[PDB]
Structure formats: C-alpha cells, structure tokens
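Positions of Cβ are generated from backbone atoms using ideal geometry, with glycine treated the same way; all protein chains shown enter the neighbour counts. Any read-out appearing in this document is the output of simple, stated calculations on the displayed coordinates, not a laboratory observation.
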Amino acid sequence: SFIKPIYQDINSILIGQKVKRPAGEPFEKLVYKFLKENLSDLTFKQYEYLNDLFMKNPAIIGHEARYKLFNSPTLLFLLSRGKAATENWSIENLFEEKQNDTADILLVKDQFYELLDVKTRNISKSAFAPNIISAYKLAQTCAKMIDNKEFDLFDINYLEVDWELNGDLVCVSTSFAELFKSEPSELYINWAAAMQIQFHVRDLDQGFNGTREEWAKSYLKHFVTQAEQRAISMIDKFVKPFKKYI
Amino acid sequence: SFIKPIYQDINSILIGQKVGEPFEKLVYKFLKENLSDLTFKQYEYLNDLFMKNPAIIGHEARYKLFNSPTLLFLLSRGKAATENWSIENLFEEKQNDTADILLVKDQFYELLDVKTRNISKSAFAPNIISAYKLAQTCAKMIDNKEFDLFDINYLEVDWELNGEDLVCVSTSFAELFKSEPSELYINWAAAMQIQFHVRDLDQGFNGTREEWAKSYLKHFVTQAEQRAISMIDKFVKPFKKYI
DNA sequence: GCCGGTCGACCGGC
DNA sequence: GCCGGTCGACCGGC
Ligand SMILES: [Ca+2]
Ligand SMILES: [Ca+2]
Ligand code: NA
C-alpha cells in the first residue's frame, strides 16, 4: 500500500473537511485531490489511468492492440473498458467516469498497483454495511491470479470516510483496510445485493497470515461454498413460500 | 390509472425542458399543478395519513390506518419510524421507497414510478421493482382478496445532453398489471429486479388481476428455480478446479 | 447481535 | 437479438 505511509495526514486532513449538500460521494473528490497533492505521480482516476496509457501509445489503435498494452490478463480484467469503447477511444474522445468501474483511485508505482475504493458513510443514519466489491468479480479475479500466477501485482484497499449532517456535510472520522489482508472465509457475500461482499471497513479484520496465492485459493473455496448454499436457500425462500398459490 | 386519460397532456409539455437525471421532480409538478388533490410523493402521503389522524399513536395502531395488508406492505415505513412519527418529526424521502409518486382518489391507489433513461448512452433496461417484493405483493393480493385497490404504472422519461443541460427527448407509459407476467425479465443479480424499458413493455394482458397474480407467481417460482441452477453452472462448475 | 433486501440506473459479450 | 453483471450505499425484523 502506497497510502498507509501517510494515512495519518489523510486521516487528520479529511477529518474536519466539509462539502455542500443536496450521498457523501463527493468526499472522494477530496481524497483524490489530497492524494493528488502528496502522491502526484501515483494517483489516477481509473479512467484517467486508461487515458494516459492510451495517449502514451497513439499508434496502438484498435481494441485488441490496446488490450495487449496492459501486460497483465488480470489488471486487464479489472481496469479495462469494453471492446467497442476501447475501439473508439481517442484523444478527442477520452474515457469519462463510469458508475461501474472497479476502483475510485489508482496508486501505482514501479508497476505495482493499489486499487482504492472509497466507501462513504452516513453514521448518523443507520448502519448498513454497503456493497464493497462483487463477489463474482473477486472470484474471476482470483482465478486469473492463479492461472497467470500474478500473485505480487496489486492489492484492493478501502478507505472509509465517516461523516454526518451539520446544517453542509462533514467527515467526523475515517477508517482504512486491506482486502487481501483479511480472512477470505469470513467475508460476507450478499447475493441479492448484486452479489456484493459487504462490510464496514472499520470492522474488517487484518489477521490474515499466508501467501497471496493461498488467499485466492481460500477465497475461491468460500465463494463456491456460499454459492452452493445460496442455490439451495432459494428453494426455501423463493419457491416454497409461493408453491401454494399454484 | 388516473394518468392514462391525461397522458397526451403530460407528454406534450415534458418534451423540451431540462434539468442520473431526476426529471422525476419535473413530472410531479405537472401532476401537482393539474391534479393537486390526488398527487403525493409517497412519504408526503404518509404525513397526510398520519396528520389526519392525530388520535392514533404507536405503530401497531397506526398501521390500521392503511386498512390493507397489501398497501400496508407496499407503503408502510415500519415499526420504529412509524412509532416515532409526529408533526415535529415528519417522514422525508427514503431511497428504499416503492413509489416515486402516488395518485389516490376514491380509495384507489395508483403507484407511479418514473424511469429516467439516458437515451444517448445505452439501451440498458433499469431495475423496475424487485421481483420478490412483487411476489409478496401478489401473495397478499391473493390472500386478502384485494384485486381492485392499486395499480403499478411506469412512465419512462428519455433524455440527452444536447446542450448545457440534459433535455427530455420523449416519454412512454405502461401498466405493470397489463403486461404479460411470464414475459417479465427478472435480473436476479441486480437486486432480484424486474428489468425493462417502459416503451418495450407488453401491454396485451386480458385476464383478471387475480389471474395475473397467479401467473406472475408461477413465473417467479419457475425463474427462482432456474437461477439456483444457473448459480451452480456459473459460480461453481467454473471454479471447483481451483480447490 | 444477526442477517439480507431495495432503490437508482448503467454496457457489453457473442 | 438475447442476456445479465456492477457500482452506489442504504433498514429493519426477531
Ligand atoms: Ca466508492
Ligand atoms: Ca424512479
Ligand atoms: Na422501481
């Protein structure tokens, strides 16, 4: 992680900070801005990242060509836009943001990538652990890590930003965590909720003590297990209760 | 539908005015200017139903005000929020709310939900309403035998950024309970949500509401079964080889 | 404490 | 044409 080193300054900086008001999504703008002010050469929005990468090789055109530019089936898988969209990319037609992009920020250096996703959170309101990342996307991710044996390329990390309403919104606190540093098997997969791993960064454990490859293998086990179970529970929850009306 | 008659009226004005989109607010206005009398935001309606009965208090009691195991289900905000309600502590908008707009007149409820559709970006049908919520609804409907109480209608609002702002391009209007059930797409991963564009929605169903519920339920059961099988093939067969 | 449903609308593979 | 996964968080029942 490139950002733990200065997490305290981030912490201190953000705590206090305020934003306008019509959820606290725009708090991420500040993270990016701050990160942009103390890690300039490592910080990109994910679209911003693709852009630079496609600008650096203006001759490489066409999506299959541009895809080769990643040098990593896995990173290829997490950061890249679609074929047509890769096809039609151009200096006059840059990538813009996209709800469904994996990361909110990339910190990259010496060909190591940190994918930062910023979970905002209204602590005054209830406490509903939010979507973290797709369980299925995380699974395909692991398969690739083994299949290409890319176990020392990137990490997925989270920066919670707590805030509350005050006349203006203001961050009262923040947490930070590392995905690949948590227990694969304790991860809560919410299937209906777009199959999203769900937790509060605050409460995420970091006691994991094995290799990255092991982690992938343990996650894939958890996933498959929960997948089998879910298939079964659907009969109970979704069929059984309604057979009677037929 | 208290909308269908004046659909022409609505449509006409909608096209050409500007403002994720949120013309949802726009339309409300029209319906308020022209129907201020049976036009509520869902939550607004609730303050009204609660303001108009200052005697009844606590939740157990306040739900009787719905006089409907079904509307209750679809409209209620739930024990604690309801218990804690009072004129100095009114409901606000809740992301979770079933409806965007509510037209109720002579004890018939029209549950309206607009769908904004960036018509320039993609043809990605949006979530229309959780299929499982709907199941529960149909079940209640059946049970409590209340087929002539409420409609769930949609009104699409297309748009593009042809200018400094967005801009409505055109609209559409369908009725969930006029569609063929067995035909509705249930995207399980997407919050178990029925997905469609209003413009493409079949409106050719000619049975009883009782029939519609019975058919929709069969469709749900069938589709819940295939999804469970889909999971094995999609999220189990392909990864077993890594363990 | 524990658990999992809902709104919102969004591409892109073949 | 046919399909369906993804980000965003967010509530209440026992
Ligand atoms: Ca985020
Ligand atoms: Ca809506
Ligand atoms: Na809906």
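So which of B:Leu166, B:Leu155, B:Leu161 is buried (at least 20 other Cβ atoms within 10 Å of the Cβ) and either in a loop (DSSP other than H, G, I, E, B) or small (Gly, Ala, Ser) (or both)?
B:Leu166
Yes/no matrix, rows are residues, columns are (1) away from ligand 2 (no atom under 16 Å from the Cβ); (2) in contact with a strand residue (DSSP E or B) (Cβ under 6 Å, 6 or more places away or on another chain); (3) of a type in the set (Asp, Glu):
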{"residue": "A:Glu64", "(1), (2), (3)": "yes, no, yes"}
{"residue": "A:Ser72", "(1), (2), (3)": "yes, no, no"}
{"residue": "A:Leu115", "(1), (2), (3)": "yes, yes, no"}
{"residue": "A:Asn122", "(1), (2), (3)": "yes, no, no"}
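Can we say A:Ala84 is more than 14 Å from chain B (Cβ to nearest Cβ), out of contact with any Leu (no Cβ under 9 Å at 6 or more places or on another chain) and within 13 Å of DNA strand C (Cβ to nearest atom)?
Taking the combined requirement at face value, the residue does not satisfy it.
Test of understanding: among A:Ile60, A:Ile6, A:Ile10, which residue is of a type outside the set (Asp, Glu) and touching a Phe, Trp or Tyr at 6+ places or on another chain (Cβ under 7 Å)?
A:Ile10
Tell me whether region B:65-87 contains one or more residues that are more than 20 Å from the chain's Cα centre (by Cα), in a strand (DSSP E or B) and over 24 Å from B:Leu149 (Cα atoms).
yes
Here is a list of conditions, (1) more than 10 Å from chain B (Cβ to nearest Cβ); (2) among the small types (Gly, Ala, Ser); (3) not in a strand (DSSP E or B), and A:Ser175 meets all of them except one; can you say which number that is?
Among (1) more than 10 Å from chain B (Cβ to nearest Cβ); (2) among the small types (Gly, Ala, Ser); (3) not in a strand (DSSP E or B), A:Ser175 violates only (3).
Collect the residues in region B:117-133 that are in contact with a helix residue (DSSP H, G or I) (Cβ under 9 Å, 6 or more places away or on another chain) and more than 10 Å from chain A (Cβ to nearest Cβ), keeping them in residue-number order.
Residues satisfying the conditions are B:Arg117, B:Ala125, B:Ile128, B:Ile129, B:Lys133.
Quick check on region A:37-49. Is at least one of its residues exposed (fewer than 11 other Cβ atoms within 10 Å of the Cβ) and either farther than 25 Å from A:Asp9 by Cβ or touching an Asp or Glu at 6+ places or on another chain (Cβ under 8 Å) (or both)?
no
Have a look at B:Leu111, B:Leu103, B:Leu75, B:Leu166 and point out the one that is of a type outside the set (S, T, N, Q), farther than 25 Å from B:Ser12 by Cβ and more than 16 Å from ligand 1 (Cβ to nearest atom).
B:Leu75
Of (1) surrounded by 12 or more Cβ atoms within 10 Å (Cβ to Cβ); (2) farther than 16 Å from B:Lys105 by Cβ, B:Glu60 satisfies all except one. Which?
(1)
Go through (1) within 14 Å of chain B (Cβ to nearest Cβ); (2) hydroxyl-bearing (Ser, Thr, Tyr); (3) in a strand (DSSP E or B) for A:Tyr136 and report which single condition fails.
With (1) within 14 Å of chain B (Cβ to nearest Cβ); (2) hydroxyl-bearing (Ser, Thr, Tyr); (3) in a strand (DSSP E or B) applied to A:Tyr136, the lone miss is (3).
State all residues of region A:11-33 that are assigned to a helix (DSSP H, G or I) and within 19 Å of the chain's Cα centre (by Cα); if no residue qualifies, say none.
Passing the criteria: A:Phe27, A:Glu28, A:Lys29, A:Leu30, A:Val31, A:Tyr32, A:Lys33.
Output the residue which, of all residues in region B:90-118 that are within 16 Å of DNA strand D (Cβ to nearest atom) and in a strand (DSSP E or B), is surrounded by the fewest Cβ atoms within 10 Å (Cβ to Cβ).
Per the stated criteria, the residue is B:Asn118.
Name the single residue, out of those in region B:205-243 being in a loop (DSSP other than H, G, I, E, B) and not β-branched (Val, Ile, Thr), that is surrounded by the fewest Cβ atoms within 10 Å (Cβ to Cβ).
Applying the filter and picking the extreme gives B:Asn206.
Given the criterion within 16 Å of DNA strand D (Cβ to nearest atom), surrounded by 18 or more Cβ atoms within 10 Å (Cβ to Cβ) and more than 24 Å from B:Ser12 (Cβ to Cβ), identify the matching residue among B:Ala81, B:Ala131.
After ruling out the rest, the residue left standing is B:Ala131.
State which residue pairs qualify: first residue more than 14 Å from chain B (Cβ to nearest Cβ) and inside region A:92-104, second residue within 16 Å of ligand 1 (Cβ to nearest atom) and in a loop (DSSP other than H, G, I, E, B) in any location, beta carbons under 9 Å apart, and separation of 6 or more residues or different chains.
Qualifying pairs under 9 Å: A:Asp101/A:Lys45; A:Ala103/A:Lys45; A:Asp104/A:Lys45.
Would you please list the contacts, defined by Cβ atoms under 8 Å and residues six or more apart or on different chains, that run from a residue in region A:215-227 that is more than 7 Å from chain B (Cβ to nearest Cβ) and within 16 Å of B:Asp233 (Cβ to Cβ) to a residue that is of a type in the set (D, E, K, R) and part of a helix (DSSP H, G or I)?
Between residues of region A:215-227 that are more than 7 Å from chain B (Cβ to nearest Cβ) and within 16 Å of B:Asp233 (Cβ to Cβ) and residues that are of a type in the set (D, E, K, R) and part of a helix (DSSP H, G or I), there is no close pair.
Quick check on this structure: which one of B:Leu201, B:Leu184 is surrounded by 20 or more Cβ atoms within 10 Å (Cβ to Cβ), within 17 Å of B:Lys4 (Cα to Cα), within 18 Å of the chain's Cα centre (by Cα) and away from chain A (no Cβ under 14 Å)?
Matching residue, one of B:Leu201, B:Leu184: B:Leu201.
Taking B:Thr39 as meeting all but one of (1) of a type in the set (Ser, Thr, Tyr); (2) within 18 Å of the chain's Cα centre (by Cα); (3) within 15 Å of DNA strand D (Cβ to nearest atom), write down the number of the exception.
So the condition that B:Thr39 fails would be (3).
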